[PDB]
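Engineer: Please see the structure below; I have some questions.
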Amino acid sequence: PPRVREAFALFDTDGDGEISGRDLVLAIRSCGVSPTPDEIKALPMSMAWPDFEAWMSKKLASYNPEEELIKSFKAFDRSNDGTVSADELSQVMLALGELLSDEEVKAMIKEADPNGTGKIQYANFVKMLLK
Amino acid sequence: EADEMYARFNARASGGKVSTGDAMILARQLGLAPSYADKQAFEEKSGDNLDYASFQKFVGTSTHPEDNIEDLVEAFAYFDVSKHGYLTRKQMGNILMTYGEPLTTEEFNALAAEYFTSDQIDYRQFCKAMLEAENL
Amino acid sequence: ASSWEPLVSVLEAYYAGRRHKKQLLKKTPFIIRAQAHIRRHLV
């Protein structure tokens, strides 16, 4: 199913056709969009599906998730080889994250590093993530 | 019980066969609850035009003996964060018209008119009512 | 040194959505059963 509509369905945890509060931001971030703090402050109390689809359609018209995510990863590309350290990402996910268990983190890291190279191609990873 | 089944099938039949669409209605009148997944699965081997023997086979494989109150209740309770056992009519409508095999607005409005009194639905009692009258 | 927090937020939200998908898939068959019985009652 299309990604935005599925994200709405997945983060409408009450099943009331409304996404509200943290879930709202989560829904947005689940599609690979990092809204600015101004955009976060401007978000309404809650959104029904028309509101959410309009917000995401207008956002994606000026914001490409793939390129922004690869751009965020490249800030930690020390070797400048299209790679980031797997254990660094693991540690920061565990230190700053609030939603994911440790097993989920570990699973993600094995995904991004299937050969256990200790590196993550992140470009290939973001691509084979955003399908 | 069987003669009325035969007669109801044949009143809808053309050249001895009925659409699987009409077979859904006939099965429901018989007291069975087939899904659209059942319809597609049966069409995969038998097509979408059934003579009486094939309709009997479709009926025989749509009894869903796995149905039970607890699994339906847990499916609904997934959307009940407080887990106190209630869902609003807004919640019931959105859930039933969004997930699984979504109801049309007409289907849900008929359901709500007959079964929803207050704005707070005890979905356990609702699921129990939904399981009633199934032909066993 | 930049901050990992935006990237972490995105990845956490994405995989929380994946978890939501798994758990909702566990319940969808019985939503379908409920809808089938509703349609039986409505015939």
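Engineer: Using unit Cβ charges (K, R positive; D, E negative) and no other charged atoms, how large, in debye to the nearest 20, is the dipole of the protein assembly as shown about its Cα centre?
Structural biologist: In debye, rounded to 20, the protein assembly as shown gives about 480.
Engineer: Tell me which of A:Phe8, A:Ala107, B:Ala37 sits at the most positive position along the dipole axis of the protein assembly as shown, charges placed on C-beta atoms (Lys, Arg +1; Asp, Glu -1).
Structural biologist: Among A:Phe8, A:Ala107, B:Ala37, the one farthest towards the positive end of the dipole of the protein assembly as shown is A:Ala107.
Engineer: Continuing with the same structure: Work out the length of the dipole vector of chain A about its Cα centre, built from +1 on the beta-carbon of each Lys and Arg and -1 on the beta-carbon of each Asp and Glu, and round it to the nearest 20 debye.
Structural biologist: Values: 15 positive and 23 negative charges, 98 e Å.
So the magnitude is around 480 debye.
Engineer: For all pairs of alpha-carbon atoms in the stretch B:3-136, what percent lies in each bin of width 5 Å, listed from the first bin to the last filled one?
Structural biologist: Calculated over all Cα pairs of the stretch B:3-136, the distribution is 2, 9, 17, 19, 17, 14, 11, 7, 4, 1, 0, 0 percent.
Engineer: Another question, if that's okay. As I understand it, the value is the acute angle between the Cα axis of helix B:105-115 and the longest principal axis of the Cα atoms of chain B; what does it come to in degrees, rounded to 10?
Structural biologist: Here the helix axis deviates by roughly 70 degrees.
Engineer: Related question: Can you give the calculated 222 nm mean residue ellipticity of the protein assembly as shown, where each DSSP H run of n ≥ 4 adds -39,500 (n - 2.57) and the sum is split over every residue, rounded to the nearest 500 deg cm²/dmol?
Structural biologist: Value at 222 nm, helices only: -19000 deg cm²/dmol.
Engineer: Rg/Rh for the stretch A:1-82 to two decimals, with Rh computed the Kirkwood way over all alpha-carbon pairs.
Structural biologist: 1.04
Engineer: While we're on this one: Using only alpha carbon pairs under 8 Å that are at least six residues apart, calculate the relative contact order of chain A and give it in whole percent.
Structural biologist: The value is 21 percent.
Engineer: Averaged over peptide B:29-40, how many Cβ atoms belonging to another chain are found within 10 Å of each residue's Cβ?
Structural biologist: 3
Engineer: Could you pull out every one of the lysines with an alpha carbon less than 22 Å from that of A:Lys74, ignoring same-chain neighbours closer than 8 positions?
Structural biologist: Filter leaves A:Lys106, A:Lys110, A:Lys119, A:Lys127, A:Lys131.
Engineer: Right, something else. Given the protein assembly as shown, what whole percent of its Cα pairs are spread farther than 26 Å? Spell out each step's value before the answer.
Structural biologist: On the way: 27632 of 47895 pairs.
Cα-Cα pairs in the protein assembly as shown separated by more than 26 Å: 58 percent.
Engineer: Let me ask something additional. Given points 7 Å out from each Cα along the Cα-Cβ axis, report the B:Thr61 to B:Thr88 separation in nanometres with one decimal.
Structural biologist: Placing both labels 7 Å beyond Cα along the Cβ direction yields 4.3 nm.
Engineer: Still on this structure, I have one more. In degrees, nearest 10, range 0 to 90: what is the angle between the Cα axis of helix B:89-98 and the longest Cα principal axis of chain B?
Structural biologist: For B:89-98 against chain B, the angle is about 40 degrees.
Engineer: So, with +1 on the Cβ of K and R and -1 on the Cβ of D and E, and no other charges, what is the size of the charge dipole of chain C about its Cα centre, to the nearest 20 debye?
Structural biologist: On the way: 9 positive and 2 negative charges, 109 e Å.
My answer is approximately 520 debye.
Engineer: What is the helix-to-structure angle for C:5-42, meaning the angle in degrees between its Cα long axis and the longest Cα principal axis of chain C, kept from 0 to 90 and rounded to the nearest 10?
Structural biologist: Tilt relative to chain C: about 0 degrees.
Engineer: Sticking with this structure for a sec: Give the long-range amide H neighbours of A:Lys119: residues separated by 5 or more places, or on another chain, with amide H under 5 Å away, using H modelled in the peptide plane at 1.01 Å from N.
Structural biologist: Sorted by chain and number, the residues that satisfy this are A:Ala86.
Engineer: When the Karplus curve 6.51 cos²θ - 1.76 cosθ + 1.60 is applied with θ = phi - 60°, which whole-Hz ³J(HN,Hα) does each residue of the stretch A:116-128 get, with x for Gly and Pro?
Structural biologist: 3J(HN,Hα) across the stretch A:116-128, in whole Hz: x, 5, x, 10, 9, 5, 5, 4, 4, 5, 4, 4, 5.
Engineer: Continuing with the same structure: Per-residue Cβ counts within 10 Å, from other chains only, averaged over B:87-100: what number is that?
Structural biologist: Mean shielding by partner chains, rounded to a whole number: 5.
Engineer: Need one number: convex hull volume per residue for the stretch B:1-67, Cα atoms only, in Å³.
Structural biologist: Given the Cα convex hull of the stretch B:1-67, per-residue volume reads 80 Å³.
All Cβ positions, even for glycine, are placed from backbone atoms using ideal geometry, and neighbour counts span all protein chains on display. The numbers here are math on the coordinates, done by the rules we state, and not lab data.
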